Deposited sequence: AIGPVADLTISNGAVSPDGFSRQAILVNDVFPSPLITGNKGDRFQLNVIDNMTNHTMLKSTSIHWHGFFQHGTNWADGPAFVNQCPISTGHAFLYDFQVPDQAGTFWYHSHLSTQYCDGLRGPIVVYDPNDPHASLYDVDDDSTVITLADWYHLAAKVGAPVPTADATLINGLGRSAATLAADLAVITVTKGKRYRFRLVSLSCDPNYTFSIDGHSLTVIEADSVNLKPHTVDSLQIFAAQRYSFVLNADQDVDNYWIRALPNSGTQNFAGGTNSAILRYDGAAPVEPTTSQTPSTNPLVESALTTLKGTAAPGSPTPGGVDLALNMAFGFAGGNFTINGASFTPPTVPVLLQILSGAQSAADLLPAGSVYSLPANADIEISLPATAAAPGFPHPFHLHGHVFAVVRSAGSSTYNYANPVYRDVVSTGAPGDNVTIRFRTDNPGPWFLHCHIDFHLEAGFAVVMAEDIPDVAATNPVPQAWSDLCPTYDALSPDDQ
């Protein structure tokens, strides 16, 4: 509804998405954060005005525009102390980037510590006027965006270091155990019409098993990548993933439960928990529909891209320029990858590079940075392990889409027409989720666990892609160059 040129004013205030009042983060004076829209190829100019006054939730901020490649604008990507120093309170900062060659469903969120769980997270849609799937539906608009989120009665820094959610919010509304009368979200449809629903996980932690009673879902886009249509009766969506699906409103006029079962916390629907309403003329009451067993669940390995794009490289293990293996571990309240835990360096990784760092051994933090050759194919395997609790861990690679040559719960490799996405579950112990991508994008890019409570615990690495070309490819605006001095002048209590 706003965008692609717009102000985003960040402030604190009370919210009660589940009928419980708590302090949170507001964006343009609303919770949940508003939807931003634009079209394929557009210039986005989003002026993030930081007016937050609460240090427990951090007065500083940084926004990541999730899914966008940010080619030439690595400075605008969002990660605190990788791509910028945070915006300090009482200051504004403009993210000015372009979206060539990308269309689909995205989201924005704070990429500073675990701040996005406190409410700074909203959907984004980039419309394609020549969408390959335009003819599959009649309605695609603001009312067809569906967001899922985890919600906590105690703030990120206040509750447990890995808290259990009190509520699942669908379009920013849901019920908790003790607010079973709280307003549910209503998604309205007219019989005979076909809907492009755009489902985005704003989750800080849980994955949801998503279904709609009595309806099938035709999946046509995954993480901003066009798919071949693939009809399922349920899907597991992980933190930060998006799916577009077509729903044909061809059932009896009625109310139907929209369901989102989290993999932890309250794992049922008693009293309308973890649920929203699909309303056809139907009575303005709750659904009384029954969940039938899922007989045709989404399987990631059975998805493919619309074009049938092959994976980069030659169809064999290690058949690439550089293959890397990320071994997960956990020691001392810290997650590790190849023995190293991520602690945000004081000089942002991009700034280190611009300032003359030439290699990964130069780059801080030590052991957390990987140099990547220019214009190459890369293969990364992320084998799951019990040695890193709270699996399955979804990983996200910034500045890039990747081929999922191997998925969780699959034994097979697919080099010929694998799905392409940007957030992938690494699965349960025994899996070896494996991805490949092209180094077509000079700059430092976070690769990390998108469960945010684990990202605090350092479950992250940085891909330092084409170091020699980072400065030339990524000219930075003077406002970017003023972020660090301004942030370093702040006292800890104002951070």
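- In this chain the deposited sequence has one gap in the coordinates, at 281.
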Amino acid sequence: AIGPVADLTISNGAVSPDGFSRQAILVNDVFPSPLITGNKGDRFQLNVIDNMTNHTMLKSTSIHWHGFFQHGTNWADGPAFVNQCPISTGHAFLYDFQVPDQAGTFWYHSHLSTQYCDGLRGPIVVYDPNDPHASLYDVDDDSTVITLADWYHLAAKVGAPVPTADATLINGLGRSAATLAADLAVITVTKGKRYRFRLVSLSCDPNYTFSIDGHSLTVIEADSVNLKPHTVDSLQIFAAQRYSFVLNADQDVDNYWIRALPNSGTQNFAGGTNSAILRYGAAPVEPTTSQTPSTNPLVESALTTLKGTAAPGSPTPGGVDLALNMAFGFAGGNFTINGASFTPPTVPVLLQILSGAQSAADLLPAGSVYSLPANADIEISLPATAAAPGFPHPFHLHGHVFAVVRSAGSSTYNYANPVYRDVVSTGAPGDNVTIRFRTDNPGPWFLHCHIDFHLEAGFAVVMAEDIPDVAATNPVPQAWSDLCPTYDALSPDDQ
From here on, numbers count along this sequence of modelled residues.
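- The mean Cα B-factor in the deposited entry runs higher for 454 to 462 than for the other of 454 to 462 and 424 to 432.
- Per the PDB record, of the two stretches 153 to 161 and 167 to 175, 153 to 161 carries the greater mean B-factor over its C-alpha atoms.
- Ranking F197, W107, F391, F81 by the C-alpha B-factor listed in the PDB entry places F391 at the top.
- Out of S201, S88, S224, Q291, it is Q291 whose C-alpha atom has the highest B-factor in the PDB entry.
- In this PDB entry, the Cα temperature factor of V48 sits in the middle third of its chain's modelled residues.
- For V299, the recorded CA B-factor ranks within the middle third of the chain. Only modelled residues enter the ranking.
- The entry lists a Cα temperature factor for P17 that places it in the highest third of the chain's modelled residues.
- Placement of the Cα temperature factor of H55 within the chain: middle third of the modelled residues, per the deposited record.
- Among all modelled residues in this chain, the alpha-carbon of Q236 has a temperature factor (C-alpha) in the middle third.
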